[PDB]
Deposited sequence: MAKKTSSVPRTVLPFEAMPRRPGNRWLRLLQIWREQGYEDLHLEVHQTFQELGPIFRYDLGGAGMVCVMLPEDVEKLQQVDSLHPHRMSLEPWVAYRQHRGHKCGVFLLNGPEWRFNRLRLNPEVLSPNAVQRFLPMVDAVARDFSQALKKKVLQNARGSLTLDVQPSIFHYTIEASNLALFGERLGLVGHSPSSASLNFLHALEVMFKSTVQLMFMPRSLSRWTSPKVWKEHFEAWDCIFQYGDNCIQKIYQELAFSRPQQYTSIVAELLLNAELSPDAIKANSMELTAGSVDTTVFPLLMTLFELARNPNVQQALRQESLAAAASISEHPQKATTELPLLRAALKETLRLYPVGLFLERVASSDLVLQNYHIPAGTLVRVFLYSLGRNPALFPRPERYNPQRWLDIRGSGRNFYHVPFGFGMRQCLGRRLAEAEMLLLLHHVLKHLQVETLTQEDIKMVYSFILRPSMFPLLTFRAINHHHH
């Protein structure tokens, strides 16, 4: 009863013209919408032919489960060519984000204890809480410096600085000063290189290195120069940490472990640094936006955080356990606005998705934008209702929330990202109320990650 792979519904359109249409623009900003529309038309599975190959698109938790069942010991995710190109050119190692096969697993097993283990989280969470406190106090100060105790501003830069500040402190044990009003020029240079590296990544990742090296030599120059600044900052930090180990951070533990070479430690530390760029910031912004649009949800989160403020202050780690509604609020935000638009696996072995045979080597992509909007799973999917997550009780409900991926290749920074998001929202919601003038949905664009095209100004008010 299993249908052949070739009988799978195909998305209409010309696979070759569409690829040229992508190169015409160095982007595919409406990917989430165009895929979402196709699901509505053809069902929960279809093939998207693009150029010489394509992708099988799915959106159901049961498909995620079947994908994790055929996860080999080395789950295969396509490497990001422009990033790999820089490593080979300069002679750097590739980290877990870019690696595949045995070398990935070798690196992964020697990183999990220092990045994901409960002991690791116990270590750096008080560090993140400190940075979150600085942000909230600085913001609360600006609000009260105002005439009416109310401030309207663009919070994306400051929140983005927070995520970089907190992550860099956990990774290298150094404060960049980005939450302060006057950071050093070195810190600003580093931050600019990160932004340029991400920008140039989008410009290059949609065509082969063979071609893009002709059509855009200056983009590659910007990309490698940005990476040079990043790896230069990483070399300095790792060297400094190493010297001081002969007389507290994630890299220090990795150096003490001595399981990975200094080059491998650096490679993974740069991909962890890159991992906090244009990721954690956006769920934070979209949560604030939705809390401004749903005052009752915001007030419920404030009562929760105010009730647990004392214990959290004594033990910051309690923010990850004693704030269940805030955790649900993050699930609801990521349900509607997943950072990673899709999860990607190259089928290591044959499998069956939606009664269709999937040959080994097929590129399968789970589109979370469509997964989270399935009404049969999230009734009234357009509604921002964090309470739904305390009530879900399906047998396979652990696959309803996979914004960080699944299996052994799941986001290595998940615990760090969750800590950063929870601690910031907790400390902000304690003393401040967020409001928005516009109540309409804002547009998202797919540019490597899913982000708002133009996040609006928000108004903060003291209680």
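Absence of C-alpha coordinates is noted for several segments of the deposited sequence, namely 1-10, 258-263, 480-484.
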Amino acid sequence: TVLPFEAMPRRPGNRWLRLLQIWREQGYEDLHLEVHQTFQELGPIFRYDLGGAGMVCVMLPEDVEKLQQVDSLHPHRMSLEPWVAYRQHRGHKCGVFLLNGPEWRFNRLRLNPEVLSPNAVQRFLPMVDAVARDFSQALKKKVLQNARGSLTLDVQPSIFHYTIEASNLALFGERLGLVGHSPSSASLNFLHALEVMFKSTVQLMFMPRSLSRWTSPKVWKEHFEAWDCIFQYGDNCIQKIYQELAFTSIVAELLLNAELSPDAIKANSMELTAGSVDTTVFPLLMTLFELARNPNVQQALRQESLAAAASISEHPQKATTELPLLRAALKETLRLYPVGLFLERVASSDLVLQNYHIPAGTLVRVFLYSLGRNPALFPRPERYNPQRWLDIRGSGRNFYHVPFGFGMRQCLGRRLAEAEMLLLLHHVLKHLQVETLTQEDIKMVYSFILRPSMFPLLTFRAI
From here on, numbers count along this sequence of modelled residues.
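As the entry records it, the average C-alpha temperature factor is higher for 197-205, out of 197-205 and 287-295.
Taking only CA atoms, the mean B-factor in the PDB entry is higher for 311-319 than for the other of 311-319 and 339-347. Annotation for 331, 148, 161, 365: 148 ranks highest, by Cα B-factor. Reading the B-factor column for the CA atoms of 242, 83, 282, 104 in the entry, the top value corresponds to 242. For residue 327, the recorded CA B-factor ranks within the middle third of the chain. Only modelled residues enter the ranking. Residue-level temperature factors show residue 234 in the highest third of its chain, judged at the C-alpha atom. Among all modelled residues in this chain, the alpha-carbon of residue 19 has a temperature factor (C-alpha) in the highest third. Annotation for residue 69: C-alpha temperature factor in the middle third relative to the rest of the modelled chain, per the entry. Per the deposited record, the Cα B-factor of residue 39 falls in the lowest third when ranked against the other modelled residues of its chain.
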